[PDB]
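All remarks here apply to the structure that follows.
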Amino acid sequence: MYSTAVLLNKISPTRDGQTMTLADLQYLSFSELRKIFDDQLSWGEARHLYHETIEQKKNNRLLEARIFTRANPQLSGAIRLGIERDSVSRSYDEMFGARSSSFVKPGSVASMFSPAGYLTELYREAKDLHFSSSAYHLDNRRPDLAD
Amino acid sequence: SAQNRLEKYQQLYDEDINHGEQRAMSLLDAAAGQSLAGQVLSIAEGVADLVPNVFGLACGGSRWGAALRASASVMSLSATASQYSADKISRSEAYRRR
Amino acid sequence: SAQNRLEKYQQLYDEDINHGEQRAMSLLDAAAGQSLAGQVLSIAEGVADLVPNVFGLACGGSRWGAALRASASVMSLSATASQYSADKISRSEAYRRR
Amino acid sequence: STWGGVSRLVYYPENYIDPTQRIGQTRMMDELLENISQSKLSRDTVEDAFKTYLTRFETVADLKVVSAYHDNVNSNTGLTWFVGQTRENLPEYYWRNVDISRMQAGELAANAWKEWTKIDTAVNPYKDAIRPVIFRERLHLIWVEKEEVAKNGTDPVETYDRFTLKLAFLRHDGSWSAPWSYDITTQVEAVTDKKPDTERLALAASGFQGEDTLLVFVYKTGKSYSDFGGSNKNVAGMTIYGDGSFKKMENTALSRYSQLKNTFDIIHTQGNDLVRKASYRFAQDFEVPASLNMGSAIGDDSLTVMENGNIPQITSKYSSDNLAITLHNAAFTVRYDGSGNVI
Amino acid sequence: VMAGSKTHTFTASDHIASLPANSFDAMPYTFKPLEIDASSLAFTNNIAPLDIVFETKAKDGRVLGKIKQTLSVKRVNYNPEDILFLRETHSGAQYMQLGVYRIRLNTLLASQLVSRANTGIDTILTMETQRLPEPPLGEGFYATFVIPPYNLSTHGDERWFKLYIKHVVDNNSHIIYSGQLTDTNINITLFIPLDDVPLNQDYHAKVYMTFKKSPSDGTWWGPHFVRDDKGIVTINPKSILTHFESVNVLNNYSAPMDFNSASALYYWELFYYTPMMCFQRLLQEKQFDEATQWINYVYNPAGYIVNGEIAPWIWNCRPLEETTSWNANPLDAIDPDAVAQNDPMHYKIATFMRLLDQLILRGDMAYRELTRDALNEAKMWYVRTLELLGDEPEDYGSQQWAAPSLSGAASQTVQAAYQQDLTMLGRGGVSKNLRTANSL
Amino acid sequence: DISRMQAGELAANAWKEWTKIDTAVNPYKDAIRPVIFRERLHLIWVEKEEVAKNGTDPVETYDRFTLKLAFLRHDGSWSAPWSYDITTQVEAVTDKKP
Amino acid sequence: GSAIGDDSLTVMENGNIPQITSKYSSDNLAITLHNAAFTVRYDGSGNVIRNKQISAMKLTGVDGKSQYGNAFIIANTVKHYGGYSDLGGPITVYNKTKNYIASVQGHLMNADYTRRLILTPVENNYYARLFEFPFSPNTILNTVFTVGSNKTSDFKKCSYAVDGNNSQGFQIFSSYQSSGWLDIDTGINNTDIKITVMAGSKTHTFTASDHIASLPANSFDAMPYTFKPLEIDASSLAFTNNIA
Amino acid sequence: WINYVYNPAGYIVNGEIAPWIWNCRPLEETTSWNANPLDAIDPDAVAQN
């Protein structure tokens, strides 16, 4: 019942002279979104923005998974007869170079399911659990973790 | 003696399920099917009994509660069929473990 | 030989309950539920059959003892459901002991 | 391990696809599953099980939708509930629902629908006067039945048709409760002019949420309808409350719901084709929720807290071209308390 | 309370029912009925919001608590063109109509299954059966449009286009198609509805196309279909077709069965899930030949014999062959089946893995006999499986990875840039900064 | 399968074993026959009942004739039968002397 | 039913006559066929042809889209011959009506290396090449090159399509042997799409030039043809055992 | 299932952490609903007091 463009215009500019985009709010919880834009967004607007962000994130994940699946070298392959190259696959390959063909074996640190990815997710989500002033902040008790 | 024991057990394992057990399981399956086969007939009897059956100058005779009795009957039949199927599956699993 | 025996028994213990036993227990539970589900229909049939069903110049036709028969039916259904649930629980306990 | 498995599920679902079980499996598929669950199997056994499954599929897929109801005041949102009837000569009925709000650019995703579910409560409707409704925010089935009864104490014994309105509701565990019964013979005879065989009697039901009641209308199918009440003898009304009691509507009350005539079945002007229109939830001019639960909030520095914020009554009034909203008993409590700390 | 452009503030100084006791414990405040003049609400899609906020602060300026909410006010709309209704054609097809859109409700496959069931069940599970036509959805016709490839000069920057209909039921316009312009021609087949008595005598229906450079309607700027006394929809000669490449009408075409309709679940169960379940059950009991026979209804590397010749298709399951998606929200819950339903390629991979499992089990069973002939049979099974699989690949990107710092890998800017690029790719297609400059 | 006839002798394998019908048929005399429309087997018969007209001071009876049609389903079961009233046609063609 | 065209290039599908009616008036039997329809689609039923050549002919040219109804030169049997690795292989097709060369490939080794299509009759001597086309973007596949002159003989005598040929030696990334040569025309005439019916001694031919309900869109994709009702005078059927 | 009664991490309501500690209201407010718990040996009665 709202329009995402209008709400984004209300939030914009994003401190950088740019229009706010759904990607920039990936990123933060609903409570944070309501707190930061408390002066400009009501309850329904914040709820709609949160739902739209979640939907966009899910769609991006699905698109990436599909692109990776259709480009697996393992299926080359008597099943390759039932594989078709789409326009989206060509666009992704053109934009990101040879990333889509850069598969790695399991057990390597570069894999997205390797413990490196788990550690990155943990650090990304847990970095802001305490204020920078508090002595319990992760970057204060163990400064070396960032390096 | 050990060789004799090995031959006996190998023969038993190779034989696996003989014919009598197959017949018993098929009978249980057929019983489940036959028990399930009566629900449509029960519903038909219930719907048919609602029509009045006396005429003249004293009419009536309809059985008001036919449909509810038919529904109860079909649900009981479903319960019986489920019980039979459970028995058959349990017997099969016991044979596999043996 | 001892290592082979250990591997076999470890695999059997890890597998625990296969799918057929789960299906049998679920079927017994469903049978108990279906058996229990008929009490409301039996009561409704009993209360409906009491209304007179003949008219004209010779009225009546009510079945006087409908309610008591309905009560007997619902109690029999409860007994059957209890039996089914007891069977299911006994089978589960036997599997645990095994 | 758990995070790895959950993350991998999206990219490689084939590692977790089990042919013998799946969320949303239909009942007949399970019936086939136990039909082929014995230890040893033959080609004939599997073929017979597949034939039984085919019988079930043929029974289910031959359904035809007979009634529908939309749970809203407009077509933009809400859920639509359908009741359908089998092809065979049996009183077997099924129901389902769809989410029409998922429509975009004409086509609906297949997951917005719901599988057919059987109704087993001994329904014997007269012709096709059976329909779903949502009153007290749970599903209800409402239908009519016809019996042949003679008046007692008359020397020439004459018979007539008695029409009974039956209403039932769906319980929590999927069972159906015993149905309430009412006598509507006079209304049917009035609106049909004692020719029920030649005229198509039609039934409509709506749920007035504002007053928490159910409105039932019985009418004669036609090309168009005038305003209710007064001289219009083609429509009769009925009101059902929460406890099951009823009340026959009068002309003054009948004229209040004249706007619902747009959701009635009609005979198409171009070609005598019957068209059925799904009923709608009723409202006067605008719909507003009856109550609003504010919730609770935490004050600054975790010192105070507001609780029990609630607006139990919200009313609306549309006079001329002005809409006014009245809030009754807007209340909330303030208490000095911290939500867990040394403070 | 905020209602559209009006803001009303009610303070407890004059609207309080009873001021509570002045104590550190719970103090409940209750208000007399409050009146709001909501005559300035902006109704979009027959629904408008209404905002309510409870505010309380002490003399120090501290906020004792703030509660926000949004109320929904719905406009009652019983207009004849906004009330969905059900109709049934003479062919037996039931369709539910809302405004201009129509949806099929029932199915007619059960009647036609008898011919296949009279012979063996092998006749039922065939691509020919799954390609059966369906009766038309009410009164209307079919049309084919060719959309030209994207060019910057005429289409303009963003590659998005829409197709709207007009002069059906009402005289407004409703969107009937939306899509993205690409570098090749696009073939679109659509079902144009048609009412019994047209509103405009000259043109019975109008279809037009909009993009960035031309986001308007215009006059005679699109195909204007007119129906004669006996079928035969024709295009009005005085209709500009510059935007389209070619627009044709199909006067007798009958669409095949749809695997994305209301009855999609039953079709998928009959044609895909059931043979797979039967094959799995047969395989679990070491009945290999019957399992192969049952799985051959879905996939068979040797092809399928139809009328005595090899069929041109590869997969016997039509939804798998055409990759028809029938799920729009697969990530609402943890469910591999839902994800596979969204993209049915995973079903292809699952079937392939099941076939490989059966072959390897056959090979192991033959190997365990130790007879020379059994050894040869096991060798044949293993060789066949290896030939089916192909040659396994090696690691490629392991040595191309530059190890980043933990702070760098978790940087929000990198994730935001990647998500922005993915969104632009999926929703648009603009290729600004074509090379990604892999050093970033 | 009569197409297998060769110079007058039919091979014994061209026939099919008798199969029972269990759907509660009560035909009048010998007016029961099979048929095939919609390309599946159907059984069609007639039944006779004795019914009196209501609301007549001298209560007179007559014979009501009902035509019933049923069809065979996939798994070998028989569906519920459609019913029609053909009393007028029977009385017309027989001149009320059945 | 369905059928496969010559050289596994095209395929007819969905052939169906849904309505057939009969009328016996006096001593004349007439048969009417309603909505005789079938679809024709360019597709190969499993080979290198469908994977590469058909997709090559579906690409858009530089003179503006289309590429349908043109004359093409293709190879009978093409097989991987050698190189550093076996990629999808540069599969090339010649368009005579516009003098175009369309090349397709499966994958690429690495984006940093310069890549260009090279056609030589010897596959070993770089200086013996007859065709050289640089990829305008390096990381792109399935492009056209617009020779610009009638060089059909040169293309015919040039086997060994090479997808490498850098300037630091040769560096043959991939190479494919073409073997035979075929010439095809994808254009069609409305008088060659016919239905012929034999009834006893009578033969009736109905062409799409006059019995077509609506001519479909001229495209490489599926093209459905539908026919108006067809009348057959079957008064000369030879009835043996009451069936003809 | 046990999180419906006690959860050390708190309970999310409307997108924010709820102020209460125990999700069971009688436990949170310590409501006593038994006046004679020592009439017989019964741990449940004592706990109810």
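Naming scheme: A, B, ... for chains in displayed order of the structure tokens; residues 1 onward per chain; ligands 1 onward as shown.
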
- Residues of chain H near chain A: apply a cut-off of 10 Å, count only C-alpha atoms, and supply the list as a PyMOL selection string. chain H and resi 14-17

Using the selection just defined, write its residues with N, CA and C atoms as a PDB file, in the first residue's frame.
ATOM      1  N   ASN H  14       7.197  -7.666  18.669  1.00  0.00           N
ATOM      2  CA  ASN H  14       7.068  -6.559  17.724  1.00  0.00           C
ATOM      3  C   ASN H  14       8.414  -6.088  17.193  1.00  0.00           C
ATOM      4  N   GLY H  15       9.433  -6.937  17.247  1.00  0.00           N
ATOM      5  CA  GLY H  15      10.754  -6.564  16.793  1.00  0.00           C
ATOM      6  C   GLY H  15      11.657  -5.965  17.843  1.00  0.00           C
ATOM      7  N   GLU H  16      11.264  -5.994  19.113  1.00  0.00           N
ATOM      8  CA  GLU H  16      12.088  -5.480  20.195  1.00  0.00           C
ATOM      9  C   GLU H  16      12.094  -6.467  21.351  1.00  0.00           C
ATOM     10  N   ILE H  17      13.124  -6.357  22.185  1.00  0.00           N
ATOM     11  CA  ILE H  17      13.246  -7.225  23.347  1.00  0.00           C
ATOM     12  C   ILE H  17      12.186  -6.849  24.372  1.00  0.00           C
TER      13      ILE H  17
END

- Expected answer as JSON, numbers by chain: chain A residues within 8 Å of chain E, only C-alpha atoms: {"A": [1, 23, 24, 26, 27, 42, 43, 44, 56, 57, 58, 60, 63, 66, 73, 74, 75, 76, 77, 78, 79, 81, 82, 87, 88, 91, 92, 94, 95, 96, 97, 102, 103, 104, 105, 108, 110, 120, 121, 123, 124, 145, 146, 147]}

Limited to C-alpha atoms, could you put the picked residues into a file as an mmCIF file, in the first residue's frame?
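Listed below is the output, again-v7.cif:
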data_model
loop_
_atom_site.group_PDB
_atom_site.id
_atom_site.type_symbol
_atom_site.label_atom_id
_atom_site.label_comp_id
_atom_site.auth_asym_id
_atom_site.auth_seq_id
_atom_site.Cartn_x
_atom_site.Cartn_y
_atom_site.Cartn_z
ATOM 1 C CA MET A 1 0.000 0.000 0.000
ATOM 2 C CA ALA A 23 21.319 -2.716 -0.628
ATOM 3 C CA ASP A 24 22.569 -0.125 1.869
ATOM 4 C CA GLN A 26 20.777 -5.008 3.974
ATOM 5 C CA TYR A 27 22.450 -4.854 6.876
ATOM 6 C CA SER A 42 6.390 5.802 10.780
ATOM 7 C CA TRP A 43 5.747 2.233 11.929
ATOM 8 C CA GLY A 44 4.136 0.998 8.723
ATOM 9 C CA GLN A 56 15.482 -8.372 -2.157
ATOM 10 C CA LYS A 57 18.115 -10.286 -0.193
ATOM 11 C CA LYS A 58 16.332 -13.589 -0.789
ATOM 12 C CA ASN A 60 19.628 -12.047 -4.864
ATOM 13 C CA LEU A 63 19.743 -15.684 -8.465
ATOM 14 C CA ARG A 66 20.929 -20.517 -9.938
ATOM 15 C CA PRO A 73 31.951 -27.980 -14.446
ATOM 16 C CA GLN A 74 31.025 -31.301 -12.824
ATOM 17 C CA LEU A 75 28.014 -31.701 -15.137
ATOM 18 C CA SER A 76 30.032 -31.988 -18.365
ATOM 19 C CA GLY A 77 28.688 -34.660 -18.178
ATOM 20 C CA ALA A 78 26.163 -36.685 -20.136
ATOM 21 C CA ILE A 79 23.526 -34.446 -18.523
ATOM 22 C CA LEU A 81 22.517 -32.127 -23.190
ATOM 23 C CA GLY A 82 19.793 -30.656 -20.975
ATOM 24 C CA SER A 87 20.823 -14.158 -21.053
ATOM 25 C CA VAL A 88 21.235 -13.618 -17.308
ATOM 26 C CA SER A 91 25.312 -10.865 -18.348
ATOM 27 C CA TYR A 92 26.768 -12.181 -15.090
ATOM 28 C CA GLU A 94 30.429 -10.454 -18.709
ATOM 29 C CA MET A 95 30.098 -8.314 -15.580
ATOM 30 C CA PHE A 96 32.084 -10.412 -13.098
ATOM 31 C CA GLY A 97 34.656 -11.957 -15.426
ATOM 32 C CA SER A 102 36.212 -20.376 -10.481
ATOM 33 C CA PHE A 103 35.056 -23.394 -8.506
ATOM 34 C CA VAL A 104 37.198 -24.776 -5.688
ATOM 35 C CA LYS A 105 37.490 -28.177 -4.072
ATOM 36 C CA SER A 108 40.005 -25.190 0.736
ATOM 37 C CA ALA A 110 38.496 -20.073 -0.416
ATOM 38 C CA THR A 120 33.644 -13.794 8.548
ATOM 39 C CA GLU A 121 29.920 -14.043 9.266
ATOM 40 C CA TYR A 123 32.808 -11.199 12.982
ATOM 41 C CA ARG A 124 30.453 -9.198 10.768
ATOM 42 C CA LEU A 145 41.169 -9.956 15.469
ATOM 43 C CA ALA A 146 40.656 -7.273 12.826
ATOM 44 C CA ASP A 147 44.059 -8.082 11.290
#

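The list of residues with at least one atom within 9 Å of residue 18 in chain H, based on only C-alpha atoms and without residues fewer than 2 positions apart in the same chain, reads residues 296, 297, 298 and 339 of chain D; 10, 11, 12, 13, 14, 16, 20 and 21 of chain H.
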
- Contact residues around residue 31 in chain G with only C-alpha atoms at 8 Å, ignoring same-chain residues under 2 positions, as number ranges by chain: G: 20-23, 29, 33, 231-234

- Select from chain H everything DSSP, run on the backbone, classes as alpha helix (DSSP H), then give the selection as a PyMOL selection string. chain H and resi 25-29+43-48

Serialized selection, N, CA and C atoms, as an mmCIF file, in the first residue's frame:
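Final output, saved to selection_16.cif:
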data_model
loop_
_atom_site.group_PDB
_atom_site.id
_atom_site.type_symbol
_atom_site.label_atom_id
_atom_site.label_comp_id
_atom_site.auth_asym_id
_atom_site.auth_seq_id
_atom_site.Cartn_x
_atom_site.Cartn_y
_atom_site.Cartn_z
ATOM 1 N N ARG H 25 3.030 -15.565 32.892
ATOM 2 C CA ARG H 25 2.576 -14.432 33.698
ATOM 3 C C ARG H 25 2.421 -14.762 35.176
ATOM 4 N N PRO H 26 1.778 -15.864 35.582
ATOM 5 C CA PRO H 26 1.695 -16.144 37.024
ATOM 6 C C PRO H 26 3.049 -16.316 37.682
ATOM 7 N N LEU H 27 4.015 -16.919 36.990
ATOM 8 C CA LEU H 27 5.361 -17.002 37.545
ATOM 9 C C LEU H 27 5.980 -15.620 37.681
ATOM 10 N N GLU H 28 5.804 -14.771 36.669
ATOM 11 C CA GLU H 28 6.378 -13.432 36.719
ATOM 12 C C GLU H 28 5.807 -12.627 37.876
ATOM 13 N N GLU H 29 4.499 -12.710 38.090
ATOM 14 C CA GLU H 29 3.856 -11.956 39.156
ATOM 15 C C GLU H 29 3.771 -12.720 40.471
ATOM 16 N N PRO H 43 4.248 -32.609 46.641
ATOM 17 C CA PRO H 43 5.152 -31.527 46.222
ATOM 18 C C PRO H 43 4.488 -30.512 45.316
ATOM 19 N N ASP H 44 3.562 -30.952 44.465
ATOM 20 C CA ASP H 44 2.896 -30.026 43.561
ATOM 21 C C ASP H 44 2.063 -29.010 44.327
ATOM 22 N N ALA H 45 1.391 -29.441 45.394
ATOM 23 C CA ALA H 45 0.604 -28.502 46.185
ATOM 24 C C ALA H 45 1.491 -27.441 46.822
ATOM 25 N N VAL H 46 2.631 -27.854 47.374
ATOM 26 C CA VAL H 46 3.548 -26.897 47.983
ATOM 27 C C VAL H 46 4.058 -25.918 46.939
ATOM 28 N N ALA H 47 4.434 -26.423 45.763
ATOM 29 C CA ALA H 47 4.890 -25.531 44.705
ATOM 30 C C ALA H 47 3.789 -24.577 44.270
ATOM 31 N N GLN H 48 2.539 -25.035 44.278
ATOM 32 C CA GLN H 48 1.431 -24.163 43.917
ATOM 33 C C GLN H 48 1.219 -23.072 44.951
#

- Message: At a cut-off of 8 Å, using only C-alpha atoms, what residues contact range 80-97 of chain B? Leave out same-chain residues fewer than 3 positions from it and give the result as a VMD selection string.
- Response: (chain B and resid 17 25 28 to 29 31 to 33 35 to 36 76 to 77) or (chain C and resid 20 to 21 23 to 25 27 to 28 30 to 31) or (chain D and resid 34 37 to 39)

Could you save the residues just selected, with N, CA, C and O atoms, as an mmCIF file, in the first residue's frame?
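part_36.cif was written with the following content:
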data_model
loop_
_atom_site.group_PDB
_atom_site.id
_atom_site.type_symbol
_atom_site.label_atom_id
_atom_site.label_comp_id
_atom_site.auth_asym_id
_atom_site.auth_seq_id
_atom_site.Cartn_x
_atom_site.Cartn_y
_atom_site.Cartn_z
ATOM 1 N N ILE B 17 12.439 -65.334 2.701
ATOM 2 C CA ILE B 17 11.023 -65.498 3.003
ATOM 3 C C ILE B 17 10.449 -66.587 2.111
ATOM 4 O O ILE B 17 10.527 -66.500 0.881
ATOM 5 N N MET B 25 1.054 -62.184 4.137
ATOM 6 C CA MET B 25 1.082 -60.742 3.913
ATOM 7 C C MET B 25 0.099 -60.330 2.823
ATOM 8 O O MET B 25 -0.583 -59.302 2.945
ATOM 9 N N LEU B 28 -3.328 -60.225 4.359
ATOM 10 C CA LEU B 28 -3.566 -59.028 5.158
ATOM 11 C C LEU B 28 -3.838 -57.820 4.268
ATOM 12 O O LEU B 28 -4.739 -57.017 4.551
ATOM 13 N N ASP B 29 -3.080 -57.682 3.178
ATOM 14 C CA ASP B 29 -3.327 -56.577 2.255
ATOM 15 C C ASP B 29 -4.720 -56.670 1.637
ATOM 16 O O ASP B 29 -5.436 -55.663 1.531
ATOM 17 N N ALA B 31 -7.318 -58.106 2.908
ATOM 18 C CA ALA B 31 -8.285 -57.785 3.950
ATOM 19 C C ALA B 31 -8.420 -56.282 4.125
ATOM 20 O O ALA B 31 -9.533 -55.765 4.277
ATOM 21 N N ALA B 32 -7.297 -55.563 4.113
ATOM 22 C CA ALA B 32 -7.370 -54.109 4.218
ATOM 23 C C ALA B 32 -8.162 -53.518 3.062
ATOM 24 O O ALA B 32 -9.035 -52.662 3.265
ATOM 25 N N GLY B 33 -7.890 -53.982 1.843
ATOM 26 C CA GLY B 33 -8.624 -53.473 0.694
ATOM 27 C C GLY B 33 -10.112 -53.764 0.774
ATOM 28 O O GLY B 33 -10.943 -52.893 0.499
ATOM 29 N N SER B 35 -11.924 -54.313 3.460
ATOM 30 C CA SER B 35 -12.525 -53.486 4.498
ATOM 31 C C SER B 35 -12.746 -52.064 4.003
ATOM 32 O O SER B 35 -13.787 -51.460 4.277
ATOM 33 N N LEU B 36 -11.779 -51.514 3.268
ATOM 34 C CA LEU B 36 -11.944 -50.169 2.730
ATOM 35 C C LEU B 36 -13.009 -50.095 1.646
ATOM 36 O O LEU B 36 -13.545 -49.012 1.397
ATOM 37 N N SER B 76 -15.272 -45.997 11.040
ATOM 38 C CA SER B 76 -14.854 -47.248 11.671
ATOM 39 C C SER B 76 -14.161 -48.166 10.671
ATOM 40 O O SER B 76 -13.156 -48.816 10.998
ATOM 41 N N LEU B 77 -14.685 -48.237 9.446
ATOM 42 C CA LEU B 77 -14.047 -49.053 8.419
ATOM 43 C C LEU B 77 -12.635 -48.561 8.128
ATOM 44 O O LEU B 77 -11.709 -49.366 7.959
ATOM 45 N N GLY C 20 9.744 -48.496 8.092
ATOM 46 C CA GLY C 20 8.535 -49.301 8.158
ATOM 47 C C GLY C 20 7.896 -49.282 9.532
ATOM 48 O O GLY C 20 6.671 -49.205 9.660
ATOM 49 N N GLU C 21 8.717 -49.350 10.578
ATOM 50 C CA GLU C 21 8.191 -49.303 11.936
ATOM 51 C C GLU C 21 7.557 -47.951 12.239
ATOM 52 O O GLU C 21 6.504 -47.882 12.887
ATOM 53 N N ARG C 23 6.124 -46.041 10.025
ATOM 54 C CA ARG C 23 4.856 -46.040 9.309
ATOM 55 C C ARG C 23 3.803 -46.845 10.055
ATOM 56 O O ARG C 23 2.640 -46.435 10.137
ATOM 57 N N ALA C 24 4.189 -47.996 10.605
ATOM 58 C CA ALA C 24 3.232 -48.812 11.344
ATOM 59 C C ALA C 24 2.714 -48.078 12.575
ATOM 60 O O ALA C 24 1.505 -48.080 12.851
ATOM 61 N N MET C 25 3.610 -47.441 13.328
ATOM 62 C CA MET C 25 3.170 -46.708 14.510
ATOM 63 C C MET C 25 2.267 -45.539 14.133
ATOM 64 O O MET C 25 1.254 -45.287 14.800
ATOM 65 N N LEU C 27 0.335 -45.379 11.538
ATOM 66 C CA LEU C 27 -0.949 -45.949 11.146
ATOM 67 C C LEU C 27 -1.789 -46.308 12.360
ATOM 68 O O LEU C 27 -3.003 -46.076 12.372
ATOM 69 N N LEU C 28 -1.169 -46.883 13.391
ATOM 70 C CA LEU C 28 -1.926 -47.202 14.598
ATOM 71 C C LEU C 28 -2.466 -45.941 15.262
ATOM 72 O O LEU C 28 -3.617 -45.910 15.719
ATOM 73 N N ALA C 30 -3.188 -43.105 13.795
ATOM 74 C CA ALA C 30 -4.278 -42.606 12.964
ATOM 75 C C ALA C 30 -5.540 -43.433 13.154
ATOM 76 O O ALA C 30 -6.650 -42.893 13.147
ATOM 77 N N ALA C 31 -5.390 -44.750 13.300
ATOM 78 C CA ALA C 31 -6.550 -45.600 13.532
ATOM 79 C C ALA C 31 -7.231 -45.246 14.844
ATOM 80 O O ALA C 31 -8.464 -45.180 14.915
ATOM 81 N N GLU D 34 2.002 -46.772 1.784
ATOM 82 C CA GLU D 34 1.756 -47.962 2.604
ATOM 83 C C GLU D 34 1.271 -49.139 1.765
ATOM 84 O O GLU D 34 1.422 -50.298 2.168
ATOM 85 N N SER D 37 4.562 -50.959 0.918
ATOM 86 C CA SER D 37 5.509 -50.932 2.025
ATOM 87 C C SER D 37 5.943 -52.311 2.505
ATOM 88 O O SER D 37 6.693 -52.394 3.480
ATOM 89 N N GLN D 38 5.504 -53.389 1.861
ATOM 90 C CA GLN D 38 5.938 -54.706 2.303
ATOM 91 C C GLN D 38 7.395 -54.943 1.916
ATOM 92 O O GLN D 38 8.003 -54.173 1.171
ATOM 93 N N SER D 39 7.961 -56.032 2.441
ATOM 94 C CA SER D 39 9.385 -56.285 2.243
ATOM 95 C C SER D 39 9.694 -56.655 0.801
ATOM 96 O O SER D 39 10.644 -56.128 0.214
#

- Note on the structure: From the list D:7, D:20, D:341, D:224, the nearest residue to chain H using only C-alpha atoms is D:341

- Item | Exercise: residue 31 in chain F partners within 9 Å, only C-alpha atoms, chain neighbours under 2 positions left out, as JSON, numbers by chain | {"F": [27, 28, 29, 33, 44, 45, 46, 47]}

- Message: Would you pick out the contacts of range 15-22 of chain F at 10 Å or less, using only C-alpha atoms, so that residues sharing its chain but fewer than 6 positions from it are not included, and give the list as a ChimeraX atom specification?
- Response: /F:1-2,43,72,76-78

Kindly export the residues of the current selection with N, CA and C atoms, as a CSV table (one decimal), in the first residue's frame.
chain,number,residue,atom,x,y,z
F,1,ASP,N,-12.9,-61.8,-27.8
F,1,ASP,CA,-12.4,-61.1,-28.9
F,1,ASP,C,-12.8,-61.9,-30.2
F,2,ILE,N,-13.9,-61.4,-30.8
F,2,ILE,CA,-14.5,-62.2,-31.9
F,2,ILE,C,-13.7,-62.1,-33.2
F,43,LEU,N,-22.8,-50.9,-16.5
F,43,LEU,CA,-23.9,-51.8,-16.3
F,43,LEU,C,-25.2,-51.0,-16.1
F,72,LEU,N,-17.7,-49.1,-14.0
F,72,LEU,CA,-16.6,-49.8,-13.4
F,72,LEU,C,-15.4,-48.9,-13.3
F,76,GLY,N,-11.2,-51.9,-10.1
F,76,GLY,CA,-12.2,-53.0,-10.1
F,76,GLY,C,-13.4,-52.7,-9.3
F,77,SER,N,-13.5,-51.6,-8.5
F,77,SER,CA,-14.7,-51.3,-7.8
F,77,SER,C,-15.8,-50.7,-8.7
F,78,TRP,N,-17.0,-50.7,-8.2
F,78,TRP,CA,-18.1,-50.2,-8.9
F,78,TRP,C,-18.6,-48.9,-8.2

- Message: Tell me as JSON, numbers by chain which residues belonging to chain F come within 12 Å of chain B, counting only C-alpha atoms.
- Response: {"F": [22, 23, 24, 49, 50, 51, 52, 53, 54, 55, 56, 57, 58, 59, 60, 61, 62, 75, 76, 77, 78, 79, 80, 81, 82, 83]}
